[PDB]
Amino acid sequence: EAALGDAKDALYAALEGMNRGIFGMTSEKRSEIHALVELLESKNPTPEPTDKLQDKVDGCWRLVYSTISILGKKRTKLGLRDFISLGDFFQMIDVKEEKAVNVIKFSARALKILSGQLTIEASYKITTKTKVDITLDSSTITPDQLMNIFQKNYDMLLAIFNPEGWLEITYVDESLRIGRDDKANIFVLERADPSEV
């Protein structure tokens, strides 16, 4: 419970400048970050987290690290090189309604898109003491200005961020959440305010 603080501080220090891994990272930085993730998981202060979702998981989360990267042609077609900017990734968990929403923010100063987003609405059901099954309900891209940019690549963009499948909650404390999915991705998120989305 003391090494939790130090391990968290070390993880945040290692993430500085990494942009969450979303545009890749060097192998030695990934191995360090994954070792810190694994240490935190092994010391998870919230065993059987799906028994405790209301207190520990309900609410708004901001991605701080994941094994999702957008590189090469995918990055080019989505225009992330110079005209579109990939902003924050938020996941909202509504425990009383069994809903999970991913919001991926975009901005484009040239196109005066001050704020746009891909919104992915999903439902979940608890399956084990650690796992939920997630099903996609709907998605949208707003504003229409941003939709005109992504429409022909819509399904490929959706596929990057779709939380359809299952998610194992491997760590949660008052401020940090770690999960692993059915594709063996790792997602680390910190608590955020819903109004920040």
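Don't overthink the numbering: it's just position in the shown sequence, from 1.
Trainee: Mean CA B-factor: is it higher for 5-13 or for 183-191?
Mentor: Higher mean C-alpha B-factor: 5-13.
Trainee: Taking the mean of the C-alpha B-factors per stretch from the entry, tell me the winner out of 168-176 and 152-160.
Mentor: That would be 152-160.
Trainee: Which one of 118, 92, 111, 126 shows the biggest C-alpha B-factor in the PDB entry?
Mentor: 111 has the highest C-alpha B-factor of those listed.
Trainee: Determine, from the deposited record, the chain-internal third of the Cα B-factor for residue 80: lowest, middle or highest.
Mentor: Tercile = highest for this residue's CA B-factor.
Trainee: Would you check the entry's CA temperature factor for residue 53 and let me know if it's in the chain's lowest, middle or highest third?
Mentor: Its C-alpha B-factor belongs to the lowest third of this chain's values.
Trainee: Among the modelled residues of this chain, does the Cα B factor of residue 130 put it in the lowest, middle or highest third?
Mentor: Lowest third.
Trainee: What third of the chain, by the recorded C-alpha B-factor, contains residue 139?
Mentor: CA B-factor rank for residue 139: middle third.
Trainee: Is residue 146 in the lowest, middle or highest third of its chain when residues are ranked by C-alpha B-factor?
Mentor: Middle third.
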